[PDB]
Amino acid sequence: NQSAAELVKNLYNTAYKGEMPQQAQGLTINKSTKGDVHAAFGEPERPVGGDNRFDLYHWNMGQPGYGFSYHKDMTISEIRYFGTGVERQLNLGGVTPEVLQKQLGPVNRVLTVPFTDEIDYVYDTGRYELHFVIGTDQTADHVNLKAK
């Protein structure tokens, strides 16, 4: 499951830039805007509105799902990586709290998630932090990137 390992490694790496890899490349926390996100990804499959504070982009084939929340000034406040639906084992489906240990060493923090039964393994990445949100089964549901 080296695909999931290389993923965790690539996520940890780009997190120091305040970006996520692949399709989300060059969209920087507190720097890139809602406008840049829309320019890159098109219109969301579920946009900001109501109890939803994320521009949501559904996973499509091998292309993963993403969520973008913004500050008042319209710059990115958080990036949420959802993995894919098809062959999920190759990404977040294969991301366990143990592969996080084998790849990134010990975790900085373990935090509670409000309104859910998930556990968040936090890795500090310079000015930013990577929140690996693991579900009831030992697999990742989504990975969050935000400023420290």
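Sequential numbering from 1, following the sequence displayed.
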Mind pulling up the entry and telling me whether 109 to 117 or 57 to 65 has the higher mean Cα temperature factor? 109 to 117
Hey, which bit's got the bigger mean C-alpha B factor in the entry, 7 to 15 or 132 to 140? 132 to 140
Of 93, 42, 35, 26, which one's C-alpha B factor is largest in the deposited record? 93
Of the three thirds of its chain by CA temperature factor, lowest, middle or highest, which one includes residue 122? middle
So, residue 80's CA B-factor, relative to its chain, sits in which third? The lowest
